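Undergrad: Taking the authors' numbering, I'd label the letters of the sequence shown as residues 1 to 15, 15A to 15B, 24 to 174, 182 to 244.
Take this structure, written in structure tokens, and hold onto it; I'll ask about it next.
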Amino acid sequence: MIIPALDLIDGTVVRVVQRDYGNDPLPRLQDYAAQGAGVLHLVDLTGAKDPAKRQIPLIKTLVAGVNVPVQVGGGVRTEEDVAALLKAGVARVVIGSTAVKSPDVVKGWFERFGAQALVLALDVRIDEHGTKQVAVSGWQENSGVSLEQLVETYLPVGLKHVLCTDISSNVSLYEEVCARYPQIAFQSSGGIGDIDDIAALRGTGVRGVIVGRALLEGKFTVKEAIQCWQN
Ligand code: NA
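Quick look at the structure:
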């Protein structure tokens, strides 16, 4: 499915390459759902910078205001963070750097909350040798573990949802990982500039396609994206 996405800073919708796209995230999400979206994605950039300022009240309002599951990420570092987002009504919590840094801890979260409640978000850059290297961010060096190695760390606790962002062909990456782990539903993130970019992912095995900035920029609509995806 298409997974429309918003990045949020202090109630503001922002475009990431920061551009202010206004303080109307709820009507935006509602219109995404109205066009047929079955899942939405939010990044809490405020919470990512300081978890004490996690935008729980806003997130509560947004979840309540649409009829579809929302997955939410942004500086989810502790069990208490996961629990707080779920309590606010989020369908799934998106875990990033903590899944690289503390795998035994996050394996415990799988056991506690269930695999259906967790999405592991992994940044991948393909290195000189062609290895899919995991990094915790686009501006930090590789962490010394491959995508495959990290996926296989979590398979024993029932990993089901992985969001993969290429920060280093894009198609080949998804074809490869999806074929290797058909029991995982992979989501793609990044690189969607136009409708053709969605078409290019159709046959790869990816289950979900995250689309953020192209919608804000008015390149195409959620309805058009879904029509392309289903074609
Ligand atoms: Na986009």
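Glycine is no exception: its CB is placed at the ideal position from the N, C-alpha and C atoms.
1) Could you give the DSSP three-state label for residue 236: helix, strand or coil?
2) Buried or exposed: where does residue 145 fall if 16 or more other Cβ atoms within 10 Å of its Cβ makes it buried?
3) Answer yes or no: the CB of residue 65 versus the heavy atoms of the ligand NA, is any distance below 7 Å?
4) Report yes if the CB atom of residue 129 is closer than 8 Å to the CB atom of residue 143, and no otherwise.
5) Would you list the one or two residues that DSSP bridges to residue 12?
6) Name the two residues that bound the continuous alpha helix (DSSP H) containing residue 66.
7) Residue 159: which of 191, 126 and 188 sits nearest, CA to CA?
8) Nearest-angstrom Cα distance between residue 205 and residue 234?
9) By the DSSP assignment, the beta strand (DSSP E) with residue 98 in it spans what residues?
10) Just tell me which of 135, 26, 47 and 11 has its CA closest to the CA of residue 200.
11) Excluding five sequence neighbours on each side, which residues of the same chain lie with their C-beta closer than 8 Å to the C-beta of residue 61?
12) Nearest CA to the CA of residue 256: which residue from 28, 118 and 45?
13) Using beta-carbon positions only, say whether residue 74 and residue 94 come within less than 8 Å of one another.
14) Can you tell me whether residue 238 is buried or exposed, with buried defined as 16 or more other CB within 10 angstroms of its CB?
15) Expressed to the nearest angstrom, what Euclidean distance is found between the alpha-carbon atoms of residue 80 and residue 32?
16) Just to check, is the beta-carbon of residue 15 closer than 7 Å to a non-hydrogen atom of the ligand SAM?
17) In its own chain, which residues sit with a C-beta less than 8 Å from the C-beta of residue 219, not counting the 5 before and 5 after it?
18) Do residue 72 and residue 35 count as a contact pair if the criterion is CB distance below 8 Å?
19) The ligand NA and residue 227: does the residue's C-beta get closer than 7 Å to at least one heavy atom of that ligand?
TA: Considering the structure as presented:
1) helix
2) exposed
3) no
4) yes
5) 9
6) 62-70
7) 126
8) 13 Å
9) 98-101
10) 47
11) 8, 10, 11, 50, 52 and 53
12) There is no way to answer for residue 256, as the model of the chain reaches only from 1 to 244.
13) no
14) buried
15) 18 Å
16) As far as ligands go, the structure on display features the ligand NA and does not contain the ligand SAM.
17) 187, 191, 199, 200 and 201
18) yes
19) yes
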